[PDB]
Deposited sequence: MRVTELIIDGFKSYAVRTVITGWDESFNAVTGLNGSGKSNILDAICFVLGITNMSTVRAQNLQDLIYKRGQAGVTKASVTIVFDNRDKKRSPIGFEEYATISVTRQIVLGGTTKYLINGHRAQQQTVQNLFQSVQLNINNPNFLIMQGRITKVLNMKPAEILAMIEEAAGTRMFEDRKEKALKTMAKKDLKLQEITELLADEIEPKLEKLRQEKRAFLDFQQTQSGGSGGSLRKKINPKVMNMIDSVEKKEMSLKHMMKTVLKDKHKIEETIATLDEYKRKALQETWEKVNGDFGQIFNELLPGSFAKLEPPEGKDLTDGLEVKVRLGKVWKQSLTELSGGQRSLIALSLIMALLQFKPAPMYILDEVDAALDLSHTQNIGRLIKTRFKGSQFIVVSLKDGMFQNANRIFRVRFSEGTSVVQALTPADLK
């Protein structure tokens, strides 16, 4: 499902009921540097999705407005991507409301719904509200640029799905820990408790036969502890074989983990360089282990600016660093896909041509997903199919909808 309509009423700078309609299925751009209305559109979308709420009302809500409502209207004609249990609806609308005191209620298609129902709806179409895989904000770019090689790898390990192997390896390690401990309990009991009692007992019997009393049950005590020895010694050789079996299992786990990480590394590395080449024509990039280490020890971003390999991301300009981090983020979207993606103010250091390159990539390489790009600066992302310009007029934010190529 994709967005077709956004209705904001009494929410933040939208004092009056405001309907923003005609959202494109592929590439939308929300602009408006001055004022708060442009960013308020994103806050309204995040509010319905579920990312002191009385402050979100028009005046918190000390002035006239005392109720706030936001409604997202989804097109649901593509039944293949329809949320399960809602296939009959050609259109699904989710509404969230605020009243004084900051309590909220949800509506689905005009009928009251539980919050869990709305959350289960969004997560059924891979809009992970709890861990947003669809929200690319400026902080994510800054975070990626400062990631150490171990953290870059962790990003790749997640896409490879190697937690599968790591959970198994953690189980076997707890198992082999109990096995290892068992031999220590055996060796303590055997060497320090069973073997001394047995040789002392054989010594008493060896004092008695020599030319007086011996314990009548000495024959039995000998045979009793002699059996306990043969049982412990065989357990030694058995628990060790279990320990060997776990080691061979873990090595097979690590091998399949390494091979799965290798396939994901090559897939990401290929897309990452091509995406960066599209966003910054004439340049290239790759993920490579740091000088001297291995894949298991982490991955590192190497950038070729023009014909020059750069030693550090530190050496890149502001715009080049944003494009490098955005290229890596976009190269990983395929592993946790979403029907909708939101790009929030990543264009501070960018030129117009860079935003045009991002826009072309959205319409082609990422065709099949709906992109909403909230621009920071005006006049960016001009090749968007639908552009919503926010201004402020008569105490409320007003949105002008445009369709380039008229």
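The deposited chain is incompletely modelled, with C-alpha atoms absent over 52 to 60, 221 to 233, 429 to 430.
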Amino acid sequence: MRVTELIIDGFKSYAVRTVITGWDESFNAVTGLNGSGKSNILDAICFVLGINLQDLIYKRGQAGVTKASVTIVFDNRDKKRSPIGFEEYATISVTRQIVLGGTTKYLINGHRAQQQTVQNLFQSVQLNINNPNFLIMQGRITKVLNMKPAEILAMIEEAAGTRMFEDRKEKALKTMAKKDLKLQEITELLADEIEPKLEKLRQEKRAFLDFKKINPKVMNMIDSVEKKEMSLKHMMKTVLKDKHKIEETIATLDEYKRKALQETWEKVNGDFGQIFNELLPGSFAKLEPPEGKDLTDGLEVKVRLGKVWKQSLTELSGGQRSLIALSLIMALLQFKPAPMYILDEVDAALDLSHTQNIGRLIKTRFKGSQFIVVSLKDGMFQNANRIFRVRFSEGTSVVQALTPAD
From here on, numbers count along this sequence of modelled residues.
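Once the C-alpha B-factors are averaged per stretch, 296 to 304 and 276 to 284 rank with 296 to 304 first. In this entry, the higher average B-factor at the C-alpha atoms falls on 216 to 224, of the pair 216 to 224 and 100 to 108. Considering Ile186, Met155, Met147, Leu333 together, the PDB entry gives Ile186 the largest C-alpha B factor.
Taking the deposited Cα B-factors for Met380, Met340, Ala63, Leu350, the highest one is held by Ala63. Ranked by Cα temperature factor within the chain, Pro132 sits in the middle third according to the deposited record. The deposited CA B-factor of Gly139 belongs to the lowest third of values across its chain.
Ranked within its chain, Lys367 lands in the middle third, by CA B factor from the PDB record.
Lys259: CA B factor in the middle third of modelled residues in this chain (values from the PDB entry). When the modelled residues of the chain are ordered by C-alpha B-factor, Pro196 sits in the highest third.
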